[PDB]
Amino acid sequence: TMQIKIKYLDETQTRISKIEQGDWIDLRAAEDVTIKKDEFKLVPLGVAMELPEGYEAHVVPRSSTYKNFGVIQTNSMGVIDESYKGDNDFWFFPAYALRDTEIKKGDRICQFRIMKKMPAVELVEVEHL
């Protein structure tokens, strides 16, 4: 199987290694985050990762995230590149609150999977298609 190296922000972050069979993986808030209605905050997720060469990760909310927390993800789907593999390259979930809300440290807030990056392409300009 493919290795992903993961570094946690600190010792209190919930470790997320288990036997994986192709399911998306839940990520968790690194700290309590309060968000007022119609405000935006980056929810830190407390993990940095070196993804497999030639891969990227996609991040979206969980199914019940809206019900529980009343937030939407402002970028729709977050794309994490194999190059965001630095020692300070921590992941976040960009949240817009549709109601006053609180997200607690340790809460599952979004989920990711990996995906092979697109193949090499060359764009060629033409005057007409």
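Under this definition, the rigid core comprises the largest set of C-alpha atoms superposing within 1.5 Å between the forms. The first residue of the sequence shown is number 1, and the count goes up from there.
Where the structures in 5 other deposited structures of this protein are fitted on the rigid core, 14 to 22 is the one of 105 to 113 and 14 to 22 whose C-alphas sit farther from the shown form on average. Of the two segments examined, 94 to 102 and 81 to 89, it is 81 to 89 that shows the higher average Cα temperature factor in the deposited entry.
Look at the C-alpha B-factors of 56 to 64 and of 33 to 41. On average they run higher in 33 to 41. Compared with the other modelled residues of the chain, the Cα B-factor recorded for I109 ranks in the lowest third.
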